[PDB]
Amino acid sequence: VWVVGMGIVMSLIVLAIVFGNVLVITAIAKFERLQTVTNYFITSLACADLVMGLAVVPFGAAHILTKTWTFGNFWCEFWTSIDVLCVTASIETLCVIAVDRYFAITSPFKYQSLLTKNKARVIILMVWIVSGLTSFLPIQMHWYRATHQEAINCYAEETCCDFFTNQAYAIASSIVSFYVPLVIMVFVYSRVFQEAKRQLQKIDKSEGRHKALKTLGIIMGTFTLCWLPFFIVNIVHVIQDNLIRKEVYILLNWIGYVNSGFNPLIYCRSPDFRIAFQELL
Ligand SMILES: CN[C@@H]1CCc2c(ccc(O)c2O)[C@H]1O
């Protein structure tokens, strides 16, 4: 009575996640006007979100609904690695975009010298390499496996695919993926808001006879509310075993997934993008 319906919602989530990223990538690729040094980070983020939508969500939906993992253990390990890869890549791309905006606003004269079509590649490649190292190398080499009997039973069985992690890996992944980009983005956006306030006061200083608040608030609040609650229980359940149940953990993790769907709306709303979308259909 409840299983037949939730599949519909899980289907719309996948459909929206795929469609938004596909539209963004097609619009960027097809039209010459949109191509810009800044737009490459958006392309990388859209590609990461597209990979997440095609790979992670559909298999997790079947795992939750069926309550059993029909496939083998190898596919379970590969799926976990892909999920970690996509999540950390998306977060690092957001941090890179924020740093780009900071450099653009703070130093307008030498902005062009720092960023060129050459260094954007290098930055994207280094971000993706750092994302790959933290996910595939620890997981596929079995360095993250736990020690207690329940974890041993879970790993031995070829039907259940549940996440059991060591404390050190969980903490290292938490800081490497979430907290450092959060601090960087907070500092960047504080400086940008202060500069905007100074300019707005300077204009009214001469033109004798609130807007940036909403723009900063949407961008900060969406990311914070979507991802922060998961990266608290991630450490809490490791430190204290009794506190956090598995169901709450899964629910928060799935809330974290939805943040990929909201990215095109937040970051692709310029009139040029609107014209490109209109020309497409
Ligand atoms: C079960 N899903 C995983 C589990 C742990 C984990 C995730 C995402 C980013 C990380 O850095 C992690 O350590 C989650 O998506």
# chains A, B, ... in the order shown; residues from 1 in each chain; ligands from 1
>>> residues_near_ligand(ligand="ligand 1", cutoff="9 Å", atoms="only C-alpha atoms and all ligand atoms", output="PyMOL selection string")
chain A and resi 80-81+83-88+134-135+162-165+169-178+230-231+234+249-250+253-254+256-257
>>> residues_around(residues="residue 73 of chain A", least_positions_apart="4", cutoff="12 Å", atoms="only C-alpha atoms", output="PyMOL selection string")
chain A and resi 69+77-80+140+154-162
>>> closest_atom_pairs(of="segment 25-66 of chain A", to="segment 95-110 of chain A", cutoff="10 Å", atoms="only C-alpha atoms", output="Markdown table")
| residue | atom | partner | partner_atom | distance |
| --- | --- | --- | --- | --- |
| A:38 | CA | A:100 | CA | 7.8 |
| A:39 | CA | A:97 | CA | 9.5 |
| A:40 | CA | A:97 | CA | 9.8 |
| A:41 | CA | A:97 | CA | 6.7 |
| A:42 | CA | A:97 | CA | 8.1 |
| A:45 | CA | A:97 | CA | 9.8 |
>>> residues_around(residues="segment 21-31 of chain A", least_positions_apart="4", cutoff="9 Å", atoms="only C-alpha atoms", output="JSON list (two decimals) with N, CA and C atoms, in the first residue's frame")
[["chain", "number", "residue", "atom", "x", "y", "z"],
["A", 16, "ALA", "N", 13.99, 14.36, -12.78],
["A", 16, "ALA", "CA", 14.38, 15.76, -12.66],
["A", 16, "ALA", "C", 15.90, 15.91, -12.61],
["A", 17, "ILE", "N", 16.57, 15.05, -11.84],
["A", 17, "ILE", "CA", 18.03, 15.16, -11.71],
["A", 17, "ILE", "C", 18.69, 14.96, -13.06],
["A", 35, "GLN", "N", 29.91, 29.86, -23.83],
["A", 35, "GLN", "CA", 31.24, 29.38, -23.48],
["A", 35, "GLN", "C", 32.08, 30.49, -22.86],
["A", 39, "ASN", "N", 32.23, 29.27, -16.94],
["A", 39, "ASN", "CA", 31.22, 28.26, -17.21],
["A", 39, "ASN", "C", 31.77, 26.84, -17.20],
["A", 42, "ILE", "N", 30.81, 25.07, -13.98],
["A", 42, "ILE", "CA", 29.41, 24.64, -14.05],
["A", 42, "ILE", "C", 29.28, 23.38, -14.89],
["A", 43, "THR", "N", 30.05, 23.26, -15.97],
["A", 43, "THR", "CA", 30.02, 22.04, -16.77],
["A", 43, "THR", "C", 30.50, 20.84, -15.97],
["A", 45, "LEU", "N", 30.41, 20.50, -12.67],
["A", 45, "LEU", "CA", 29.40, 20.21, -11.67],
["A", 45, "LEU", "C", 28.20, 19.49, -12.28],
["A", 46, "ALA", "N", 27.77, 19.92, -13.47],
["A", 46, "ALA", "CA", 26.66, 19.27, -14.14],
["A", 46, "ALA", "C", 27.01, 17.83, -14.51],
["A", 47, "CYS", "N", 28.23, 17.60, -14.98],
["A", 47, "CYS", "CA", 28.65, 16.24, -15.30],
["A", 47, "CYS", "C", 28.66, 15.36, -14.05],
["A", 49, "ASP", "N", 26.87, 15.75, -11.30],
["A", 49, "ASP", "CA", 25.49, 15.51, -10.89],
["A", 49, "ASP", "C", 24.81, 14.51, -11.82],
["A", 50, "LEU", "N", 25.11, 14.58, -13.12],
["A", 50, "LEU", "CA", 24.55, 13.63, -14.07],
["A", 50, "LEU", "C", 25.02, 12.21, -13.76],
["A", 261, "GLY", "N", 19.80, 18.18, -7.53],
["A", 261, "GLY", "CA", 18.72, 18.65, -8.38],
["A", 261, "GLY", "C", 18.56, 20.16, -8.37],
["A", 263, "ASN", "N", 20.85, 22.44, -8.04],
["A", 263, "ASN", "CA", 22.00, 23.20, -8.53],
["A", 263, "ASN", "C", 21.71, 23.98, -9.80],
["A", 264, "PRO", "N", 21.09, 23.41, -10.85],
["A", 264, "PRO", "CA", 20.83, 24.22, -12.05],
["A", 264, "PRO", "C", 19.97, 25.45, -11.80],
["A", 268, "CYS", "N", 22.17, 28.51, -12.71],
["A", 268, "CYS", "CA", 21.88, 28.77, -14.13],
["A", 268, "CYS", "C", 20.54, 29.52, -14.21],
["A", 273, "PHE", "N", 21.38, 32.28, -20.34],
["A", 273, "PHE", "CA", 20.94, 30.90, -20.17],
["A", 273, "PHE", "C", 19.46, 30.74, -20.51],
["A", 276, "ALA", "N", 19.19, 30.68, -24.21],
["A", 276, "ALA", "CA", 19.66, 29.39, -24.72],
["A", 276, "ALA", "C", 18.62, 28.30, -24.51],
["A", 277, "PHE", "N", 17.98, 28.27, -23.34],
["A", 277, "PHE", "CA", 16.93, 27.29, -23.09],
["A", 277, "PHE", "C", 15.74, 27.50, -24.02],
["A", 280, "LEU", "N", 16.41, 26.18, -27.44],
["A", 280, "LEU", "CA", 16.46, 24.72, -27.52],
["A", 280, "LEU", "C", 15.10, 24.13, -27.85]]
>>> atom_distance(atom1="atom CA of residue 200 of chain A", atom2="atom CA of residue 212 of chain A")
10.1 Å
>>> select_by_dssp(residues="segment 139-260 of chain A", states="helix (DSSP H, G or I)", output="ChimeraX atom specification")
/A:139-140,149-156,167-206,211-227,230-239,246-260
>>> residues_around(residues="residue 239 of chain A", least_positions_apart="2", cutoff="12 Å", atoms="only C-alpha atoms", output="list in words")
residues 165, 166, 167, 168, 170, 171, 232, 233, 234, 235, 236, 237, 241, 242, 243 and 244 of chain A
>>> closest_residue(among="A:93, A:270, A:145, A:118", to="residue 131 of chain A", atoms="only C-alpha atoms")
A:93
>>> atom_distance(atom1="atom CA of residue 203 of chain A", atom2="atom CA of residue 189 of chain A")
21.1 Å
>>> closest_residue(among="A:266, A:82, A:14, A:218", to="residue 139 of chain A", atoms="only C-alpha atoms")
A:82
>>> atom_distance(atom1="atom CA of residue 185 of chain A", atom2="atom CA of residue 199 of chain A")
21.1 Å
>>> closest_residue(among="A:56, A:141, A:1, A:275", to="residue 75 of chain A", atoms="only C-alpha atoms")
A:56
>>> closest_residue(among="A:193, A:143, A:74, A:2", to="residue 210 of chain A", atoms="only C-alpha atoms")
A:193
>>> decode(residues="segment 206-255 of chain A", atoms="N, CA and C atoms", output="PDB file, in the first residue's frame")
ATOM      1  N   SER A 206      27.091  59.846  -3.038  1.00  0.00           N
ATOM      2  CA  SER A 206      27.052  60.888  -4.059  1.00  0.00           C
ATOM      3  C   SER A 206      25.661  61.098  -4.638  1.00  0.00           C
ATOM      4  N   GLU A 207      24.937  60.022  -4.948  1.00  0.00           N
ATOM      5  CA  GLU A 207      23.599  60.173  -5.511  1.00  0.00           C
ATOM      6  C   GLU A 207      22.611  60.590  -4.429  1.00  0.00           C
ATOM      7  N   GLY A 208      22.654  61.867  -4.038  1.00  0.00           N
ATOM      8  CA  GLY A 208      21.866  62.312  -2.898  1.00  0.00           C
ATOM      9  C   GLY A 208      20.372  62.190  -3.121  1.00  0.00           C
ATOM     10  N   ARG A 209      19.896  62.640  -4.277  1.00  0.00           N
ATOM     11  CA  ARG A 209      18.471  62.593  -4.575  1.00  0.00           C
ATOM     12  C   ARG A 209      18.183  61.663  -5.747  1.00  0.00           C
ATOM     13  N   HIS A 210      20.462  45.078   0.769  1.00  0.00           N
ATOM     14  CA  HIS A 210      19.183  44.378   0.796  1.00  0.00           C
ATOM     15  C   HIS A 210      19.043  43.443  -0.400  1.00  0.00           C
ATOM     16  N   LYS A 211      19.567  43.870  -1.549  1.00  0.00           N
ATOM     17  CA  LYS A 211      19.462  43.064  -2.761  1.00  0.00           C
ATOM     18  C   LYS A 211      20.402  41.865  -2.725  1.00  0.00           C
ATOM     19  N   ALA A 212      21.644  42.066  -2.276  1.00  0.00           N
ATOM     20  CA  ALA A 212      22.602  40.969  -2.215  1.00  0.00           C
ATOM     21  C   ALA A 212      22.296  39.997  -1.085  1.00  0.00           C
ATOM     22  N   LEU A 213      21.482  40.411  -0.111  1.00  0.00           N
ATOM     23  CA  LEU A 213      21.170  39.543   1.019  1.00  0.00           C
ATOM     24  C   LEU A 213      20.474  38.271   0.555  1.00  0.00           C
ATOM     25  N   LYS A 214      19.457  38.407  -0.300  1.00  0.00           N
ATOM     26  CA  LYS A 214      18.738  37.233  -0.785  1.00  0.00           C
ATOM     27  C   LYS A 214      19.637  36.344  -1.638  1.00  0.00           C
ATOM     28  N   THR A 215      20.452  36.952  -2.504  1.00  0.00           N
ATOM     29  CA  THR A 215      21.320  36.173  -3.381  1.00  0.00           C
ATOM     30  C   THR A 215      22.327  35.357  -2.581  1.00  0.00           C
ATOM     31  N   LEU A 216      22.955  35.967  -1.572  1.00  0.00           N
ATOM     32  CA  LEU A 216      23.873  35.210  -0.728  1.00  0.00           C
ATOM     33  C   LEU A 216      23.136  34.185   0.126  1.00  0.00           C
ATOM     34  N   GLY A 217      21.962  34.550   0.646  1.00  0.00           N
ATOM     35  CA  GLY A 217      21.251  33.670   1.553  1.00  0.00           C
ATOM     36  C   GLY A 217      20.768  32.399   0.889  1.00  0.00           C
ATOM     37  N   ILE A 218      20.229  32.505  -0.327  1.00  0.00           N
ATOM     38  CA  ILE A 218      19.767  31.307  -1.026  1.00  0.00           C
ATOM     39  C   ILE A 218      20.927  30.339  -1.233  1.00  0.00           C
ATOM     40  N   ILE A 219      22.039  30.848  -1.771  1.00  0.00           N
ATOM     41  CA  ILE A 219      23.175  29.995  -2.113  1.00  0.00           C
ATOM     42  C   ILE A 219      23.750  29.340  -0.866  1.00  0.00           C
ATOM     43  N   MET A 220      23.914  30.110   0.213  1.00  0.00           N
ATOM     44  CA  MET A 220      24.484  29.532   1.426  1.00  0.00           C
ATOM     45  C   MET A 220      23.512  28.565   2.096  1.00  0.00           C
ATOM     46  N   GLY A 221      22.252  28.975   2.252  1.00  0.00           N
ATOM     47  CA  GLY A 221      21.303  28.187   3.014  1.00  0.00           C
ATOM     48  C   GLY A 221      20.946  26.874   2.353  1.00  0.00           C
ATOM     49  N   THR A 222      20.796  26.864   1.024  1.00  0.00           N
ATOM     50  CA  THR A 222      20.472  25.608   0.355  1.00  0.00           C
ATOM     51  C   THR A 222      21.541  24.558   0.629  1.00  0.00           C
ATOM     52  N   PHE A 223      22.804  24.906   0.380  1.00  0.00           N
ATOM     53  CA  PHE A 223      23.901  23.969   0.595  1.00  0.00           C
ATOM     54  C   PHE A 223      23.997  23.556   2.060  1.00  0.00           C
ATOM     55  N   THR A 224      23.912  24.528   2.974  1.00  0.00           N
ATOM     56  CA  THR A 224      24.080  24.218   4.391  1.00  0.00           C
ATOM     57  C   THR A 224      22.971  23.302   4.891  1.00  0.00           C
ATOM     58  N   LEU A 225      21.714  23.651   4.609  1.00  0.00           N
ATOM     59  CA  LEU A 225      20.596  22.843   5.080  1.00  0.00           C
ATOM     60  C   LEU A 225      20.589  21.468   4.423  1.00  0.00           C
ATOM     61  N   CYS A 226      21.025  21.380   3.164  1.00  0.00           N
ATOM     62  CA  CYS A 226      20.997  20.092   2.483  1.00  0.00           C
ATOM     63  C   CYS A 226      22.070  19.149   3.014  1.00  0.00           C
ATOM     64  N   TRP A 227      23.295  19.639   3.211  1.00  0.00           N
ATOM     65  CA  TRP A 227      24.401  18.726   3.477  1.00  0.00           C
ATOM     66  C   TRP A 227      24.852  18.684   4.931  1.00  0.00           C
ATOM     67  N   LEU A 228      24.668  19.758   5.698  1.00  0.00           N
ATOM     68  CA  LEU A 228      25.183  19.783   7.066  1.00  0.00           C
ATOM     69  C   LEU A 228      24.606  18.701   7.976  1.00  0.00           C
ATOM     70  N   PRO A 229      23.293  18.433   8.006  1.00  0.00           N
ATOM     71  CA  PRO A 229      22.788  17.425   8.957  1.00  0.00           C
ATOM     72  C   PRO A 229      23.381  16.038   8.773  1.00  0.00           C
ATOM     73  N   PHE A 230      23.773  15.666   7.553  1.00  0.00           N
ATOM     74  CA  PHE A 230      24.350  14.343   7.337  1.00  0.00           C
ATOM     75  C   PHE A 230      25.753  14.245   7.926  1.00  0.00           C
ATOM     76  N   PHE A 231      26.570  15.278   7.729  1.00  0.00           N
ATOM     77  CA  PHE A 231      27.944  15.274   8.213  1.00  0.00           C
ATOM     78  C   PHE A 231      28.054  15.588   9.697  1.00  0.00           C
ATOM     79  N   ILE A 232      26.937  15.615  10.423  1.00  0.00           N
ATOM     80  CA  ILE A 232      26.997  15.598  11.880  1.00  0.00           C
ATOM     81  C   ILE A 232      26.812  14.177  12.395  1.00  0.00           C
ATOM     82  N   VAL A 233      25.737  13.517  11.960  1.00  0.00           N
ATOM     83  CA  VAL A 233      25.517  12.130  12.341  1.00  0.00           C
ATOM     84  C   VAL A 233      26.620  11.219  11.822  1.00  0.00           C
ATOM     85  N   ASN A 234      27.281  11.578  10.715  1.00  0.00           N
ATOM     86  CA  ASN A 234      28.371  10.751  10.202  1.00  0.00           C
ATOM     87  C   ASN A 234      29.457  10.550  11.254  1.00  0.00           C
ATOM     88  N   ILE A 235      29.762  11.593  12.026  1.00  0.00           N
ATOM     89  CA  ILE A 235      30.759  11.460  13.084  1.00  0.00           C
ATOM     90  C   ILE A 235      30.112  10.976  14.378  1.00  0.00           C
ATOM     91  N   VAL A 236      28.892  11.439  14.668  1.00  0.00           N
ATOM     92  CA  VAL A 236      28.259  11.083  15.937  1.00  0.00           C
ATOM     93  C   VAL A 236      28.030   9.580  16.045  1.00  0.00           C
ATOM     94  N   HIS A 237      27.548   8.941  14.976  1.00  0.00           N
ATOM     95  CA  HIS A 237      27.270   7.509  15.036  1.00  0.00           C
ATOM     96  C   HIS A 237      28.557   6.707  15.171  1.00  0.00           C
ATOM     97  N   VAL A 238      29.655   7.226  14.618  1.00  0.00           N
ATOM     98  CA  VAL A 238      30.941   6.554  14.763  1.00  0.00           C
ATOM     99  C   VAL A 238      31.440   6.654  16.198  1.00  0.00           C
ATOM    100  N   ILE A 239      31.379   7.853  16.784  1.00  0.00           N
ATOM    101  CA  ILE A 239      31.897   8.033  18.139  1.00  0.00           C
ATOM    102  C   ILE A 239      31.021   7.303  19.151  1.00  0.00           C
ATOM    103  N   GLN A 240      29.703   7.457  19.043  1.00  0.00           N
ATOM    104  CA  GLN A 240      28.761   6.797  19.937  1.00  0.00           C
ATOM    105  C   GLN A 240      27.885   5.854  19.126  1.00  0.00           C
ATOM    106  N   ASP A 241      27.902   4.570  19.491  1.00  0.00           N
ATOM    107  CA  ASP A 241      27.199   3.567  18.697  1.00  0.00           C
ATOM    108  C   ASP A 241      25.696   3.598  18.950  1.00  0.00           C
ATOM    109  N   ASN A 242      25.287   3.878  20.189  1.00  0.00           N
ATOM    110  CA  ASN A 242      23.880   3.735  20.551  1.00  0.00           C
ATOM    111  C   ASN A 242      23.035   4.892  20.030  1.00  0.00           C
ATOM    112  N   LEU A 243      23.645   6.067  19.845  1.00  0.00           N
ATOM    113  CA  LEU A 243      22.864   7.284  19.631  1.00  0.00           C
ATOM    114  C   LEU A 243      22.072   7.246  18.329  1.00  0.00           C
ATOM    115  N   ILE A 244      22.730   6.953  17.211  1.00  0.00           N
ATOM    116  CA  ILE A 244      22.154   7.153  15.885  1.00  0.00           C
ATOM    117  C   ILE A 244      21.668   5.816  15.344  1.00  0.00           C
ATOM    118  N   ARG A 245      20.404   5.776  14.929  1.00  0.00           N
ATOM    119  CA  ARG A 245      19.857   4.600  14.271  1.00  0.00           C
ATOM    120  C   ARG A 245      20.185   4.619  12.782  1.00  0.00           C
ATOM    121  N   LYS A 246      20.029   3.460  12.139  1.00  0.00           N
ATOM    122  CA  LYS A 246      20.378   3.346  10.726  1.00  0.00           C
ATOM    123  C   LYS A 246      19.374   4.072   9.839  1.00  0.00           C
ATOM    124  N   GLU A 247      18.089   4.013  10.189  1.00  0.00           N
ATOM    125  CA  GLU A 247      17.036   4.590   9.359  1.00  0.00           C
ATOM    126  C   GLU A 247      17.189   6.100   9.221  1.00  0.00           C
ATOM    127  N   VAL A 248      17.481   6.779  10.329  1.00  0.00           N
ATOM    128  CA  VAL A 248      17.681   8.224  10.331  1.00  0.00           C
ATOM    129  C   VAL A 248      18.894   8.554   9.473  1.00  0.00           C
ATOM    130  N   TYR A 249      19.940   7.733   9.589  1.00  0.00           N
ATOM    131  CA  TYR A 249      21.144   7.936   8.790  1.00  0.00           C
ATOM    132  C   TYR A 249      20.830   7.860   7.300  1.00  0.00           C
ATOM    133  N   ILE A 250      20.079   6.835   6.890  1.00  0.00           N
ATOM    134  CA  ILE A 250      19.729   6.683   5.480  1.00  0.00           C
ATOM    135  C   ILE A 250      18.855   7.841   5.015  1.00  0.00           C
ATOM    136  N   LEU A 251      17.902   8.259   5.850  1.00  0.00           N
ATOM    137  CA  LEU A 251      17.006   9.349   5.477  1.00  0.00           C
ATOM    138  C   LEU A 251      17.779  10.648   5.270  1.00  0.00           C
ATOM    139  N   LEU A 252      18.709  10.954   6.179  1.00  0.00           N
ATOM    140  CA  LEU A 252      19.520  12.158   6.024  1.00  0.00           C
ATOM    141  C   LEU A 252      20.425  12.063   4.802  1.00  0.00           C
ATOM    142  N   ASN A 253      20.996  10.881   4.552  1.00  0.00           N
ATOM    143  CA  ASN A 253      21.834  10.704   3.371  1.00  0.00           C
ATOM    144  C   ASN A 253      21.037  10.940   2.095  1.00  0.00           C
ATOM    145  N   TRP A 254      19.793  10.457   2.052  1.00  0.00           N
ATOM    146  CA  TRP A 254      18.965  10.675   0.870  1.00  0.00           C
ATOM    147  C   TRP A 254      18.525  12.128   0.746  1.00  0.00           C
ATOM    148  N   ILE A 255      18.352  12.831   1.869  1.00  0.00           N
ATOM    149  CA  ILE A 255      18.125  14.274   1.792  1.00  0.00           C
ATOM    150  C   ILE A 255      19.333  14.967   1.177  1.00  0.00           C
TER     151      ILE A 255
END
